[PDB]
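There is one chain below, alone, in structure tokens, taken in the form deposited in one PDB entry.
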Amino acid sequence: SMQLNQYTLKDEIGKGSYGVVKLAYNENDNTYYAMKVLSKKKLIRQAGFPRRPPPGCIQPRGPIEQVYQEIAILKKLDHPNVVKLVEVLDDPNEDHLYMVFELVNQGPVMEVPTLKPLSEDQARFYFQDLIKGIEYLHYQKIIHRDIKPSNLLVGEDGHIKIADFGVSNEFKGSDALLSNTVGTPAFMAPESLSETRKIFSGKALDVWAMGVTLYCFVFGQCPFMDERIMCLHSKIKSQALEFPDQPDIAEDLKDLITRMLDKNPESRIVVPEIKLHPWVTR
């Protein structure tokens, strides 16, 4: 192990989009926490080398601003279905940055693909948690942009907390107006995967990813899948949603998933409607 101020840093417990997460023991309050460890120089390099001056896809001028945005976002959020940032350790003369979170004991709910999906009733309990967390994020003008089962941590109490705010965005106004976005390929909405003159809604991207997540919950694999990236993108954009013959799930759950995975973001179900869907309220 190693010492960092009042913390004893132990084994690596997870690895998200950036950095690594260690188990950390706080000697002052005799409590364990989850500590995300980052290198500022590495975060800068992850964005790519800056371009020489020339004579929708422009590199950010100051890539380090994204981690400070993630920190500001996490500081704003206090909800039982969202991770809780408790401290940031950041010396301006050091390259490392540390983010301390309350521990969510059991880790990710699922790592897709799995041969062991959840039952329909357990999927409903976790999905009810997911709705509450996302509705709160959206109310706080935050889009997560990386909703998937491996970013949903199960606590001591059997409830989920949304984690990995590495690519999250805070917007002004009613919704985020995006020209392009980031995400895990199999969870990205069809509108985000074309060359077009049309911007798209950030909140509806989170809904699409919730739809893929819910499908994963009960089936253990994504609805659109291919190892070839061009084929995966083509399927997300043009392949009709299908459900496997087994496990046989309820018709109302198929209705809900179908509405969340509507390829048209204008007609895709919204979170206020998802909350009142018959499968959710049963």
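C-alpha atoms forming the largest set that superposes within 1.5 Å between two forms make up the rigid core. So that there is no doubt, residue numbering starts at 1 and follows the sequence shown.
Counting only other entries that model residues on either side of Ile44, is it left out in at least a third? Across the compared entries, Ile44 is left out in at least a third.
Should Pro244 be counted as unmodelled in at least a third of the other PDB entries compared? Across the other compared entries, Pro244 is absent from none.
Averaging CA B factors per stretch from the PDB record, which one is higher: 28-36 or 44-52? The recorded data point to 44-52.
State which stretch shows the higher mean Cα B factor in the entry: 192-200 or 103-111. Averaged over C-alpha atoms, the B-factors run higher in 192-200.
Whose CA atom has the top B-factor in the entry, of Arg124, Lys141, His144, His96? Of the options given, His96 has the highest CA B-factor in the PDB entry.
Given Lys148, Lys161, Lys132, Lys172, identify the residue with the highest C-alpha B factor in the PDB entry. Each of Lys148, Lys161, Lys132, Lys172 was compared by C-alpha B-factor; the highest is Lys172.
Relative C-alpha B-factor of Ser234, binned into the chain's lowest, middle or highest third: Middle third - that is where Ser234 ends up once the chain's C-alpha B-factors are sorted.
With respect to C-alpha B-factor, does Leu77 fall in the lowest, middle or highest third of the chain as deposited? Its C-alpha B-factor belongs to the highest third of this chain's values.
Among the modelled residues of this chain, does the Cα B factor of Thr181 put it in the lowest, middle or highest third? It belongs to the middle third of the chain when residues are ordered by C-alpha B-factor.
Lowest, middle or highest third - CA B-factor, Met225: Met225: CA B-factor falls in the middle third of its chain.
Record-listed C-alpha B factor of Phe217: chain third: For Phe217, whose C-alpha B-factor we compare with every modelled residue in the chain, the answer is the lowest third.
Although it is not shown, the form deposited in another entry is what the next lines describe.
With both forms fit on the core, has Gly220 moved 2 Å or more by CA between the shown form and the other one? False for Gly220: its C-alpha shift is below 2 Å.
Once the core is superposed between the shown form and the other one, does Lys116 show a C-alpha displacement of at least 2 Å? No: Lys116 shifts by under 2 Å between the shown form and the other one.
Given a core-based superposition, decide whether the C-alpha of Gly16 shifts by 2 Å or more between the shown form and the other one. Yes.
Closer or farther in the other entry, the Cα atoms of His79 and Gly16, when the shift from this form is 3 Å or more: Note: Cα gap between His79 and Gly16 widens in the other entry.
Out of closer and farther, which fits the Cα atoms of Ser17 and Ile142 in the other entry compared with this form, where the change is 3 Å or more? Between the C-alphas of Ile142 and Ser17, the gap widens in the other entry (3 Å or more compared with this form).
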